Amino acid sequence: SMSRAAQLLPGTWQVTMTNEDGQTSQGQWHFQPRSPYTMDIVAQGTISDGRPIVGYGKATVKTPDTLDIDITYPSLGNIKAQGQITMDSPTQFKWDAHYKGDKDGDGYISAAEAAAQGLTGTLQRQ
């Protein structure tokens, strides 16, 4: 069924990521249900350069195993990440996405900031 993956989400997940620059991150995603198919997300964590992660976004069912994710990170100059989480097990999801925007928060979009940058990761049920 289309909501089988969504039904697992409500609550807190441990999240680890890797970006295209070679950095890693650790933190949490918290899902708040808004319907059988949609969730609100808040995000916290730290990048391997020490920078804090603060974000909020939304999840929407796409297939029985996947959900579309859009997250904005105020702690990272309001960069926008868009991607999909794919169910791997009842307690694990895989993350594949890309982001762009004023990551360094200086108010100007540099070349590194102008195009999409890859983001991969894993979510583990806590």
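From 1 onward, residues are counted along the sequence shown.
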{"property": "Per the entry, higher mean C-alpha B factor between 24-32 and 89-97", "result": "89-97"}
{"property": "Selected stretch [higher average CA B-factor]: 80-88 or 48-56", "result": "80-88"}
{"property": "Residue 14, C-alpha B-factor rank within chain (lowest, middle or highest third)", "result": "highest"}
{"property": "Residue 106 - Cα temperature factor, lowest/middle/highest third of chain", "result": "highest"}
